[PDB]
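If you read the protein sequences in the order shown, they are chains A, B, C, D, E and F.
Taking the numbering used here, the leading residue of the first sequence gets 1, the next gets one more, and so forth.
Taking the numbering used here, the leading residue of the second sequence gets 49, the next gets one more, and so forth.
Taking the numbering used here, the leading residue of the third sequence gets 107, the next gets one more, and so forth.
Taking the numbering used here, the leading residue of the fourth sequence gets 829, the next gets one more, and so forth.
Taking the numbering used here, the leading residue of the fifth sequence gets 1524, the next gets one more, and so forth.
Taking the numbering used here, the leading residue of the sixth sequence gets 1750, the next gets one more, and so forth.
Contents: one structure, followed by commentary.
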Amino acid sequence: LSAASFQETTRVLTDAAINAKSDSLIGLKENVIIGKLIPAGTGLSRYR
Amino acid sequence: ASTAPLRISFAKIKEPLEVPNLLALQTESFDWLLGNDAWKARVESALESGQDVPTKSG
Amino acid sequence: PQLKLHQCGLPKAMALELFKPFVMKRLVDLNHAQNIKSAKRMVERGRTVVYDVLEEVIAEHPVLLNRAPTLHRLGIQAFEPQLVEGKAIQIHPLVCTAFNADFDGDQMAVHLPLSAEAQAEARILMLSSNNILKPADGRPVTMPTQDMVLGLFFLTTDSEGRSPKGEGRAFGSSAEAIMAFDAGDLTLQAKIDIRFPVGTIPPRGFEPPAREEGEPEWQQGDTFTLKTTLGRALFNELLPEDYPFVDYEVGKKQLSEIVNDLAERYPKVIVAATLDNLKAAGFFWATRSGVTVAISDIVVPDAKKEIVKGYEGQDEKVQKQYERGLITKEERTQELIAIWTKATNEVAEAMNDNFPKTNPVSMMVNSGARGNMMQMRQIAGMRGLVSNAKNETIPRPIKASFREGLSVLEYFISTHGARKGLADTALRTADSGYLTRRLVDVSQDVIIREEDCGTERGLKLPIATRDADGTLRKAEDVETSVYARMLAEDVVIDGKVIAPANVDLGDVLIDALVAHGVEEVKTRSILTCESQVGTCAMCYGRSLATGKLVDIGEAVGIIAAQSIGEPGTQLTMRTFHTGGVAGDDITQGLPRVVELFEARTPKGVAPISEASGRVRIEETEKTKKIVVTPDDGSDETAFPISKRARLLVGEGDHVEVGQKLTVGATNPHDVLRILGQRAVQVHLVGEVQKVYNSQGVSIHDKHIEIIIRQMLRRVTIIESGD
Amino acid sequence: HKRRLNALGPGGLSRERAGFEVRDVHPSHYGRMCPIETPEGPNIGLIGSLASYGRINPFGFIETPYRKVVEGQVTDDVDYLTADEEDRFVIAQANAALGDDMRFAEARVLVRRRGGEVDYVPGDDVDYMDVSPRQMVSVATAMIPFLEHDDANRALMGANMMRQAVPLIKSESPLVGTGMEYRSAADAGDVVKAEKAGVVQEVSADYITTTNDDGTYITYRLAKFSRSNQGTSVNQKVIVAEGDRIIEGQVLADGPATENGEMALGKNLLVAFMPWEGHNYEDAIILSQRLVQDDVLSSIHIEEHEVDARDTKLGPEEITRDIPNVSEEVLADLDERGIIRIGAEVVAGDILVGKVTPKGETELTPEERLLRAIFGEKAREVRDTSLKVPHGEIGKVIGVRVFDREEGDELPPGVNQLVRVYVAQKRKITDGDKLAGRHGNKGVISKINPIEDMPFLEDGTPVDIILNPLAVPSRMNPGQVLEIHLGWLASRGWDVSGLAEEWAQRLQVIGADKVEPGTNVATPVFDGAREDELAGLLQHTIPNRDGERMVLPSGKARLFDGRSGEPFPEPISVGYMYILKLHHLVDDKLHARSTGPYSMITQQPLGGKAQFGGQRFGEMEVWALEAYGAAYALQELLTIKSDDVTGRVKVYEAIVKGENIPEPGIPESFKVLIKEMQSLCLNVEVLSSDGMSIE
Amino acid sequence: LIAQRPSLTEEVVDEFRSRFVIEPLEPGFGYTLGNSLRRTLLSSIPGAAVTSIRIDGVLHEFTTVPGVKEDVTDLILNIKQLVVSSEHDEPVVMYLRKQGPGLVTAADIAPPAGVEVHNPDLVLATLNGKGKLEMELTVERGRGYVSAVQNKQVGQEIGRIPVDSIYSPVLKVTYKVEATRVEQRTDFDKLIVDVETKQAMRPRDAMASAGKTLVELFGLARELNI
Amino acid sequence: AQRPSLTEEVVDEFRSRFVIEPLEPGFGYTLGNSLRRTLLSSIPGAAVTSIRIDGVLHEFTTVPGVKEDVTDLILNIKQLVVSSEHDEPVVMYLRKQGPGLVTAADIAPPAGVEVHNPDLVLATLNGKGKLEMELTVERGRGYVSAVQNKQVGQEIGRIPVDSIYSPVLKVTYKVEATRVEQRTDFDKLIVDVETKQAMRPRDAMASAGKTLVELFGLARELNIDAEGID
Ligand SMILES: [Mg+2]
Ligand SMILES: [Zn+2]
């Protein structure tokens, strides 16, 4: 998700489809795409 | 012209040429396009003074 | 200018629109309406009770102000909203550097957090009172500036050229001093002996000259007397009572030091109060400073005439010797550029000499309010040589300041550089934006997840180098490099612990260690951090923005990217003129920063010796070459080099494992290959800081180290079948 | 706008394709394209402006005039040369010293030679000379007095922003200006001129009737409060009385921003350069409340609200006064034909034009048909589409125009009636507006002081505006101080006849030695007033009370503190400067939103002010909130404040009723993203660790 | 120490210009008091002005009246600078009527009983040979300045045009502080407040009103405490 | 229109805060500076105009038997508060012997003169005291710098000192806007005034009010006009 968001969306998504590689929610960018509390600041599970 | 309001000028040298019409670039060109009477007058006037002019309207 | 640091005045219609649903709820609850739809109708009608209810409701609802280009976290800040008339948003005068917002038609956007958590975070984390220190270097950003500093400088300046009155008199208090000032028989800046009562803390410098007496005088907490000036006695009433007295011109840099000390020593509320008091005093005394630009206050030095005439005569001689045919046109040019550079610098120094220090422009420049000395040179003495078309240097300069009046051709020549600079800025905005985007995408998700990894490794940073004449002096860049970085382990030089382990490395430790003679220090760092979960707080150090220890969950990567991206627009490093040079001139400025950060091979690449050896030249007319054969029974190596190489290593000489051969920019790949990993880290950090601190921009080395750590996280594998 | 030389367009360059050498002034631009006037954005160097003396050749090249310097003696024989024929000649300067005989005086005559190479020559060698020392400059930049005392950056900014000046109710030409307002206004088209000689006959405000000397009559009809493309007014005012002998070309009425046929884009204000309690800090501006009372910087702005009556499938739309189900007061101010009455004052929500849809297929299902049949009252199903004032606007209805299909008025296919209502408003200068001068010295308005609070001179006159002196040297435009000094000098006229001093000698040989108070002065952009003359004249400024000359030869005057009364410690620099009111108006910029029009594909707030749009919270701001660690705020404003239909509805419901804001959900942008890349044939399934995670 | 109580005089230089001298003042005390007088004079001394107008056959201010060389907006610019003194608490209407050619000035106005126009040379418009003007000027007395927006209170008369009322009757006030010749260790000072006023009042009445205002304001502080 | 009112808050016995509640725009800056200058430079009181220490000279720096320099003695004395009802340059005596400290409690006031701060320390005596000093109290108002008063000329020991006749030592004013019935240009005035031990702050405020009321009744009596009030 983060790599597709940054650059080379076609190449990144094609490689991800070939590899059948899944994305885990962990990350900042890829957690603002889905619209979730970022894993930083006060959004950490400790503070949640 | 001579009827302009009063304004006191500090110019120390005299320009022998006054600024031409500030819209000649458009009106003259479009007169050449339509080739109307103003453009013909301009053409004959330029020919009398031996200038370079477009003799064929747009 | 009447706002507190945590206050914003927002227009009436804007506040009405943003807070609509709350206004309807309050109107219904206060029985001003029987139903929500009627409340909506009346709110649309703009009744008076609606306005009173808006005043009631905006309280205790923090409001996030923002400017369009958000170059760092102090570009969106939370304020407490107060309801104001007009059609414009009222903002504090000294938060204009955090936003970069000058009042020339700039605009501000504004947002309203809704949830309890959202506004709680707004007030606790984002409030303008808390955000006083920049994250890039730790220097305070919300501090007085421009007219405010010109006012405190007038307050605490000397009496030179200020025709003092009542100098040498003695006063039993400052109240008596202001009585004399009102009477017209004392000046705010006249040397006078003032008595200060119990509670006043004397100057740190003046204490050892305490009053002689058999009894032990409580210099900390006793009445004392000081040969001060009235303005300084007034200035020291703005600072908190416990603060030591200040007895010097607080122009711009000393005010920055005082604000930094206040922030690092006193709690945030008192620091904000002190900032407000300093703001009020600075404005108040800036009004009466007497700084008013007039055509006479721009003083053209009488030196300029004769200097420019004599150098003009020399130019005439050079032109005559060109037209006679002895020299070429290029020689004539270079000679005239040298002549007129001499003339320009001579006129600049004469202009600096001429004006008094009580001049308006001199006051605002020397106070560090607004201005430089080149600007004054152009305005008063001389404009000088300018970038000709196609990035060249006009031989003939502009021999006239703006006060004297540029000629026609002088103005036509001068507009070249203006246009070029405007276009350069327009492009560099987007260039820096792209650079910051890449830095953020790389460094994002490097988050402090660990309180403390139990490492004992660190960097061997020079603590007090520069032993020029055998004198231990604090290094010139401890502020960026070694400051804020904690200590790996206890440092002992005399058999006792000078600095305990893992403690914040502030200036007091620096003075201790430089006095005791050390020349290095072992600091914990992210580069040497070994933690299971990403980075740890202790190795990173202290957050340059909050001052305290880095809190777990800090998005340090985004902070580092923003810190490196902020000054990107203002670098402005590129060749003024072509100078008939290519290749030798490596890329300068933001191009250089992208070159280092992308790992792209430098444009002016120069090979670096693989091993210590004997190096000689095997130059061939078809192709020049430099060949080094190493000792210790090693294989020889060679480098193809251009004819124009300006070699910095002689033939048949002894090179070492990690030395350059020709003048240029070493590849980071080489420094990683032949030297090692600490070497490439050091080289990259130093090379980026080179341009950054050549401009004067100051970024802590941690923010670069984050990117460098991300750049070296992967290894290319070989012999991998097993 | 009519002298531009555009480059970005069809058959030419583009924004990104253009490099540098096109965006940079060339040595051949001298006299043909303006170095200084240029956009301050992406279009730098692309969009330009013809010089004052430029002439487009038949082939399309620009030509500039040059006096033929024949064997070193100047002549009036002007030849127009283009850049290519210009690069074969040696060109002197118009300001080169010259004697009574036209032969050159000094041996060294500076010349602009081929390749942009200035290099002096003997003089007989010289072959051409510039016809004017402002040949290089354009018209707008020629407005600026003391241009040579400004860096090109601020001259460029000033020329750019002089074009945004709003026209004011009463317009006065600048007290200190160039010799260029008259010709600039006359050669434009807003100044009513005389076609032929004659005598004026009837002079109302609306028309001027003149009896020609050839035996004919002409009645010039004058425009009165006519809206412009940008919403200003084109009111015209007469200059002649009903006995005046006219000549062809003479000005009979003046257009907006003109006085006696001379441009007047702003007003002369009395300014003192000083800091003032941190209100003109960082380029802000302080001005007295006099300018609000006197309406010195006021303007009239007109807004049109056009509405059309259509013919839908269910019938025709009609402009009917009897709007369905409304109170009597809302349409009490509506004509019998449904349109608002001229002269009425309007506020947000006022029905400018009443219109009704023929009917709405809202509830006519068999159930509703049975209900209506049993009721016996066929409830009207018409939609109230009445034109209303956009929220945030006020004014008086200055006009109404109605086009119709039944009459001969043409209309586009589909519309039966077209009603265009013009609503006019008067804008007084308030805190938020933007003033500027002719030197790029612009700033917003921060405070309006009571007339007593403002500093005042010795005899009591307050100053009008307060400007920070910090900007002048740092921004490096020390021409506004010269303008200020000459403005004060002109307001308090001088009498320097017969002093036998150099500056006085020059001023009396020119003919400016004696000048009555209030006279307007001309400062040619490269032949203007000298600094020495300004200083000398300042010593001989006609006094007011006895010999009172508030301003000393230092250019400075002693002021008093209007809030305490004590004299200020040192003299201040005061004088008259021309301040322009720019079209950047605070009223338009104020943009606010709570809820409103979302977009179609992405369920996000729309942009633009007229749409009541939202504010683009770019990704840089997301970085800022992430750096702060503000987790819940970012989640709330990425989902609840945008792109979460259920969240958007429920947050509003909770606030109006009073309740906790609900937990966010899945953005609709994510849903459309996954559907899009599914249509790209990627099996993008939101998976849980135990299966398929909730969409 | 010095028992000289302050004393006030009046010099007269023109019919509406007067210098008022206060000699027995402490040093460094003339400026503050003179500026308090200047502030109160320029701020809060009552006068009167035209609150509104109404021309025949005119519904708004953005139109023209036939035969008149000036627009209604220019007419209002001329009306707002009318120096008129009233004596009625309630508004009193004031009519102007003119026909045929002629510069309609302020002298042509027909003020009611208890109202006066103190500038008869004010040129209000210039009619044509076929121009007629019929105006209904409402005069009201207040202090300071009130905008046309605040003067707006009724709408049933579609034809009225509320205008801005410059109530202030004083024109410009300055002052000075000189040195009293008295030989003293403190060198007392002499205040010279120079008042010029519009024709509605003499400077003496403006000074009296300013003094009354200030006396009341400071008697608040004096009497209220103990 | 609105009736401004005066309220006072007492922080201690030496200074107090005075708040002037809603007034019209710009009236805050009419009341503020005038009240400040009147409170400061109009109220009458007594101060020590000169001092003669036994066997001393004006140029002679210190005093034998006294550790404090002459300048320190001058400061300690011009800090002294005294109230003189005699309307003449009375002279007050202070006699001290032996070592110790000499306070203002040991002054010898004539009938009518009084020193209100008895615990002020004038000097410290080492060894033999022999401190006999006569100081010339005087009456006045304001602040007079120690211009040559011919006090050294009459007798060398008698030296001139700066005189703080004014009971109020310092006072500062500030004008801050207040929200008063939908209007936001109404001002309120804050005056913080400190005063020596002579009189309370409220008494000084009342005296300044009296002085200003008379000073502007002067102008009010030019004619019985009626600007209006409350
Ligand atoms: Mg700006
Ligand atoms: Zn670690």
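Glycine is no exception: its CB is placed at the ideal position from the N, C-alpha and C atoms.
Cutoff 7 angstroms: residue i Cβ touching any chain C Cβ
i                     : result
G35 (chain A)         : no
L28 (chain A)         : yes
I1400 (chain D)       : yes
residue 818 (chain D) : One cannot answer for residue 818 (chain D) here, as it falls past the ends of chain D, which runs 829 to 1523.
Where the beta strand (DSSP E) containing residue i begins and where it ends
i               : result
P1771 (chain F) : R1764 to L1772
is_contact[residue i, chain B] using C-beta, thresh 7 angstroms
i              : result
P995 (chain D) : no
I884 (chain D) : yes
Contact with chain D by residue i, beta-carbon distance below 7 angstroms
i               : result
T263 (chain C)  : no
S1566 (chain E) : yes
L65 (chain B)   : yes
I401 (chain C)  : yes
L1660 (chain E) : no
Three-way DSSP call (helix, strand, coil) for residue i in this model
i               : result
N478 (chain C)  : coil
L767 (chain C)  : coil
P1194 (chain D) : helix
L545 (chain C)  : helix
Neighbour flag for residue i against chain F, beta carbons, 7 angstroms
i               : result
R1391 (chain D) : yes
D382 (chain C)  : no
Heavy atom of ligand 3 within 6 angstroms of residue i beta-carbon
i              : result
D212 (chain C) : This structure does not include ligand 3; its bound ligands are ligand 1 and ligand 2.
Contact with chain I by residue i, beta-carbon distance below 7 angstroms
i               : result
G1442 (chain D) : Any reference to chain I falls outside this structure, whose protein chains are A, B, C, D, E and F.
Chain E within 7 angstroms of residue i, Cβ atoms only
i               : result
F1396 (chain D) : no
N- and C-terminal bounds of the alpha helix (DSSP H) containing residue i
i               : result
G1958 (chain F) : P1950 to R1969
Chain A within 7 angstroms of residue i, Cβ atoms only
i               : result
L1310 (chain D) : no
Beta-bridge pairing of residue i - partner residues as DSSP gives them
i               : result
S1127 (chain D) : D:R1255
Pairs of beta-carbons, one from the stretch 996 to 1015 of chain D and one from the stretch 1083 to 1096 of chain D, closer than 8 angstroms: are there three or more? yes
Contact between the stretch 1010 to 1028 of chain D and the stretch 1066 to 1086 of chain D: three or more CB pairs below 8 angstroms? yes
Quick one: any contact between the stretch 1276 to 1294 of chain D and the stretch 1112 to 1125 of chain D, if contact means 3 or more CB pairs under 8 angstroms? yes
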